[PDB]
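Chemist: Can you read through this structure? Questions will come right after.
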Amino acid sequence: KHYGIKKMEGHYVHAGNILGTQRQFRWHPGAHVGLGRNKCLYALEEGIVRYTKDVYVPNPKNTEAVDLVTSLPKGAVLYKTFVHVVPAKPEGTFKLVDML
Amino acid sequence: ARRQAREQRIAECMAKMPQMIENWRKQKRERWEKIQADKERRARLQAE
Amino acid sequence: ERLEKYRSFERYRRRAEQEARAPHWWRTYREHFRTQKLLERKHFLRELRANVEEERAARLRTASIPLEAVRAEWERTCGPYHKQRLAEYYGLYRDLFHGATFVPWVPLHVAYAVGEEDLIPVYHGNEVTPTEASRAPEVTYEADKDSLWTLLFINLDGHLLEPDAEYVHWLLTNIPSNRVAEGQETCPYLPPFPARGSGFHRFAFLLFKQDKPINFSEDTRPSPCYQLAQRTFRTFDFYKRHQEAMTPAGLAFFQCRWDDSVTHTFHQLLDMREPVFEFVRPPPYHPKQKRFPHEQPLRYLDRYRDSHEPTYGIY
Amino acid sequence: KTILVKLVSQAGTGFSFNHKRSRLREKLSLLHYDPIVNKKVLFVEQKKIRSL
Amino acid sequence: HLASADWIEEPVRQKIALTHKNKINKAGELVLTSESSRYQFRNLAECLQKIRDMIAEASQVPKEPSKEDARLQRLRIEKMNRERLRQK
Amino acid sequence: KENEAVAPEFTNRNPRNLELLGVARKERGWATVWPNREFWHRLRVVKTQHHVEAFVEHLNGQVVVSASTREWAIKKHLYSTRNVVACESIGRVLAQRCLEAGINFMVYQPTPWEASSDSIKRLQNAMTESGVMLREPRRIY
Amino acid sequence: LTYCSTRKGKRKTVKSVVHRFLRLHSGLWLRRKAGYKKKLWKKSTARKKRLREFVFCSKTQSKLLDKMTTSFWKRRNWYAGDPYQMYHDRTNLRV
RNA sequence: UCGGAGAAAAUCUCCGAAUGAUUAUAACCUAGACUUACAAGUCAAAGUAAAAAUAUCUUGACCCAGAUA
Ligand SMILES: [Mg+2]
Ligand SMILES: [Mg+2]
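Chains as they are written, first to last, in the authors' numbering: chain W, 49 to 148; chain q, 112 to 159; chain 6, 46 to 78, 99 to 380; chain 1, 14 to 65; chain p, 105 to 192; chain P, 39 to 179; chain 3, 94 to 188.
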C-alpha cells in the first residue's frame, strides 16, 4: 500500500534509497537505478533523481514484447518513463601515502 | 573422541557423496526421458 | 493500419536508436548524462570483380585481406581523421591547447629500441613500460628536404606539485628535414617516471611545422637537467610564443604504468625519495547517529565507533 | 492434500530443512547447500513433521 | 639495512630484496610500519612479526602458483597484447 | 630539496585512468530494457544492404575505433563489401586498431539470431585471435 | 507495579522485563523479534534473517522498561570476556 | 481478520484467501531505505560461500506443551 513516488525529481539521494513503489510498471529502471522483487525502484549510486521519457526496446527472447514491438507502425515507436540517478561524486581520489 | 567420530563419519559419507549425486542426477535424466518418450517420440509418431 | 509494420526486430531497433540521438522537446537521458580518382577506383573494382580466382576464393570463404597494405593505405587516405578522434577521446586537444583542435597530417612514427632489432611501435593509446623507454626512441616522419620542423615530448599528467602542468621529457628544436640528429637539444631525454599507484599517465609526441629558424633561448634548458622542478612546462604558453612560426602536424602518444625502472629514475638522477600514491575512496555515508536507534540491529553501534579496541576510562 | 516433510542431508551431517510435497508424489530428494560441509549434497526425506 | 645486516643469511637477503623491493628506502634500509592499534606494544609486534614471515616465505620456496586471480588475468591479458603489438 | 616537493593529493587527469584501473562507474540500470549498459566499451556491428560496419563507443557516446567496408583502403583488397569473409576480414582490421588504441577489454551484445549467425561467429573468432576480450571484467568496489 | 512493598517498602522489578530484554549501561534496551521461532517453513528467507536479529527499543519503550525495573538492573557489570563489553557506551554521539 | 476490482480518499457495489500446484532448490552476511502508534510487514548495493545467474506464477503474538541433535 501507499504506492507512490518516495523521492521527487531533483532530490539528493543516497545509495540504497527507494525512489518509487508500484504494483505495475508506471516507471521503468533507468541509469544507476535498480529493480526490486516487488518492482520498487532504488538508487544504486548517490546522486540526483531525474525522470525522462525514452524509447523502449525489450529483450529479444520474450515473445510477447518482441511481437508487440514488431507489430508497430513503421513511422514511430512507443516510449516509456525512466528514472535515473546522476552520480554527484568521483569514485575516489589519489593521495600521497608515504615518501620512501 | 566426539570430534573424531564426527569427522570420520563425514569423511566416509562425503567420500561416497559423488557417486550418490551422480545416481540422483542419473535418475532424473531418465525420468525426463520418459516424459518425451511418449509426449513427442511416440504420441506424435502416430500423429504423422 | 495505413502504415506498414516493421515485421522484424532489427528494423525497429535501428529506428529506435536514431530517434534517441535526435533532440526532443521532452527531457531525455542524453541531456542529463577528385572525379578522376573516383573513375580510377571504379576501374580497379571492375578488375577485382573480373578476377574469377577472387570470386572462387570468396565463394569458398577462404579469401583473406593483407592488413599490412591496408594499414599503410589507411594512414595516407583517412587515418588522420581517426587519429583526431583518439586525440579528442583522450582529451589531448582539450588539455594541451585549451580545447583548440589541430588535425594531424604527417604519419609520424616512433619506436623504442630494445637491445636489438625488436622495435616497440608507439601508436596512439599504446601501452609501453618505463623500462623499455629508458633511452630515447627513433623518430621518422619523412619531412623531406628543405623542411624545417620541431619535436616535443610531453607527459600531460604529472608535476606532482602542480595539477595544471606538464613536464617536457625532451625538446629538439630547429630540426632540419626528416633527419633528427641535427636538432638543437634544448632538453636532454629523461626516462619515464610515473609514480607508483597513480594510474596510467598518458605521454604524447607532438611535432610542429617550423617556418623560419627561431632561437628558443628562453626555452633552452641546462643540459644535463636533473632538477625536475625546472621541467615545469605548459604547451599553451610555449605555442603562443611561437604560434606564428609553429603549427602542429603530428601526434603519437602512449600510456605507461609504474615499474622498477621508475624507482631507479627517482633515486639515481632525480635524487629524491620516490612518492607512493594509493586510491582512497570517501568514507561511507551514515545518517546522523540517534540516542535511541529504534528497530535497528546491534550492528548500529559499530557503524559510528572509531577505535576497535576497548577503553576503560576512569578504571 | 500436501504434507510438511524433513529432508535430511546424506553427507553424514545432521543438517536438515523442511519442505512440502504432495501426498500423491513419491518421496522427495534434492540437492541443497549444507553449511557445515560447505558443499552441495543430497537431501533425502526421512520423516514427516505435519500435514499442511 | 637489509644487505648490511648479517643476522639474516645472505641467500635470504637476496630473495627478500627482490620480493619486497617496494619497502626498501633509498638508503637501502627496509622500512615496514603498522598503524593498526592505539598501543605501540601491539604495533611493534606486527612489525617484528612481518619480518619473521618474510624470512620464512623467502626461506621456503613457494612452488604453488595457486589459482589465477582476476587481477592476474587482467595483467596477463594486457601483457599479452603488448607482445603482439611489439612484434614489429 | 625543491625536487622532493609533492602535493598531498594527486590529480591524474588521464580520462581512461579509472576505467583502466577498473574502479570507474558503469551504468547498472535498464533492467527492463535490452541491452544492458554496464559496459565501459561496446561493439556495434551493423549489416547494411551492401556494407558492414563495426564501431567501438564509450558510454558517453563518442566513437573511438571505427572500421567500415565503405573505407577505400579496405575495399581495394576486399572482394565484396557484404560477405562472411568481409565480416571476418573487417573484424581483423578492427582488432588491430583496437589494439592500437589500447582497448583490450570490450563488451559485445549480439541478438540470438545475430549471435547464431556464422559471420558474427567468424568475426568474434578474429577478435579472439587478436587478443581483444569480448567480455569486460567486473568493477572493483 | 508494586511501588511500596509490604515487607521492604521498596519498588519491585517486573520479572517479565528481566526475562525478555537486555539493558545496556548507556540506556538502550535490546529485544528479540516476536515470531522468530514460529512457522519458519512458510516464512521467506529474507523474513527469517530479519527475525533472528537483536533489535533496539524506542525512547518511550525504554522509558517504560526503566520504570518497571529497579536500580540493580541498571548498574555497570564487569564481566570477564563479556560479549557486550563494547556496547555499554556510546561513541561519537552529538545529539 | 486480510487481499483484489468500482464508486473516485467516509458508507456503498463485487470476487477471492486461511493456499495451490510447478520446480533450477533459492546460503551466510551487511550499507542505505520503504511502511508503521506499538507490534508485525517490505526492498536491497558491497563482501564471502555454493554452484556454473533463477525460484517462478498466481496468513495468528506471548505463555505453554512437544519432536528430533
Ligand atoms: Mg516497528
Ligand atoms: Mg551482491
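For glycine and all other residues, C-beta sits at the position ideal for the given N, C-alpha and C.
#1: Have a look at residue 176 (chain P) and residue 240 (chain 6) and give me their C-alpha separation to the nearest angstrom.
#2: Closest Cβ-Cβ distance between residue 329 (chain 6) and chain p: below 8 Å?
#3: Quick one: does residue 185 (chain p) have its CB under 8 Å from some CB of chain P?
#4: DSSP has residue 157 (chain p) in a bridge; who is on the other side?
#5: At a cut-off of 7 Å, is residue 146 (chain 3) close to ligand 1 when judged by its beta-carbon and the heavy atoms of the ligand?
#6: Take the Cβ of residue 342 (chain 6) as the centre, count every other Cβ of all protein chains shown within 10 Å, and call the residue buried at 16 or more, exposed below.
#7: Determine contact between the segment 346-355 of chain 6 and the segment 212-230 of chain 6, defined as no fewer than three beta-carbon pairs at a distance below 8 Å.
#8: I need the boundaries of the beta strand (DSSP E) containing residue 95 (chain P), first residue and last residue.
#9: My output table needs one value for residue 378 (chain 6): the three-state DSSP class, helix, strand or coil.
#10: DSSP beta-bridge partners for residue 123 (chain q)?
#11: Could you tell me the alpha carbon to alpha carbon distance between residue 158 (chain p) and residue 260 (chain 6), rounded to whole angstroms?
#12: Just to make sure I have the definition right: I need the residues of chain P whose C-beta is within less than 9 Å of the C-beta of residue 64 (chain W). Which are they?
#13: Just curious, the beta strand (DSSP E) that residue 357 (chain 6) is in, first and last residue?
#14: When the Cβ atoms of the segment 316-332 of chain 6 are set against those of the segment 189-198 of chain 6, are three or more pairs found closer than 8 Å?
#15: Quick check: the Cα distance between residue 181 (chain p) and residue 63 (chain P), rounded to an integer number of angstroms?
#16: Can you pull the chain W residues whose beta carbon is under 9 Å from the beta carbon of residue 129 (chain p), in chain order?
#17: At 9 Å on the CB atoms, spell out the chain 6 contacts of residue 175 (chain p), in chain order.
#18: Does the beta-carbon of residue 311 (chain 6) have 16 or more other beta-carbons within 10 angstroms, so that it is buried, or is it exposed?
#19: In this structure, what does DSSP give as the bridge partners for residue 171 (chain P)?
#20: Going along the chain, which unbroken runs of the beta strand (DSSP E) with 3 or more residues stay wholly within the segment 148-200 of chain 6?
#21: Please name the residues in the segment 78-102 of chain P whose beta-carbon is closer than 8 Å to at least one beta-carbon of chain W, in chain order.
#22: Contact between the segment 76-92 of chain W and the segment 138-145 of chain q: three or more CB pairs below 8 Å?
#23: Which two residues bound the contiguous beta strand (DSSP E) that contains residue 314 (chain 6)?
#24: What residues from chain P crowd round residue 107 (chain W), counting only those whose CB sits closer than 8 Å?
#25: Taking 8 Å as the CB-CB limit, is residue 356 (chain 6) close to chain 3?
#26: Just list the residues that DSSP pairs residue 174 (chain 3) with in beta bridges.
#27: So if DSSP puts residue 97 (chain W) in a beta bridge, which residue, or which two residues, is it bridged to?
#28: Establish whether the CB of residue 137 (chain P) and some CB of chain p are separated by less than 8 Å.
#29: So is the beta-carbon of residue 100 (chain q) under 7 Å away from any non-hydrogen atom of ligand 1?
#30: Can you list the residues of chain W that residue 135 (chain p) reaches, using a CB-CB cut of under 9 Å?
#31: Take residue 64 (chain W) and list the residues in its own chain whose beta-carbon comes closer than 7 Å to its own, dropping the five residues that flank it on each side.
#32: Work out the CA separation of residue 111 (chain P) and residue 96 (chain 6) for me, nearest whole Å.
#33: Identify the residues that DSSP records as bridge partners of residue 121 (chain 3): which are they?
#34: Tell me whether residue 68 (chain P) sits in a helix, a strand or coil according to DSSP, three-state version.
#35: Taking 7 Å as the line, does the beta carbon of residue 360 (chain 6) fall inside it for any heavy atom of ligand 1?
Modeler: From the atom records:
#1: 48 Å
#2: no
#3: yes
#4: BP columns for residue 157 (chain p) are empty, so no partner.
#5: no
#6: buried
#7: no
#8: 90-96
#9: coil
#10: Answer is none; residue 123 (chain q) lacks a bridge partner.
#11: 25 Å
#12: Result: empty, since nearest Cβ-Cβ is about 13 Å, beyond 9 Å.
#13: Careful: residue 357 (chain 6) lies outside any beta strand (DSSP E) and carries neither H nor E.
#14: yes
#15: 22 Å
#16: 148
#17: Within chain 6, no residue comes near residue 175 (chain p); the closest Cβ sits about 13 Å away, beyond 9 Å.
#18: buried
#19: 143 (chain P)
#20: 174-179 and 181-186
#21: none
#22: no
#23: 311-321
#24: 72
#25: yes
#26: None; residue 174 (chain 3) has no bridge partner.
#27: 133 (chain W)
#28: yes
#29: Residue 100 (chain q) cannot be examined here, being either before or after the span of chain q that is shown, 112 to 159.
#30: 146 and 148
#31: 90 and 91
#32: The gap in chain 6 between 78 and 99 takes in residue 96 (chain 6), so it carries no coordinates here.
#33: According to DSSP, residue 121 (chain 3) bridges with nothing at all.
#34: coil
#35: yes
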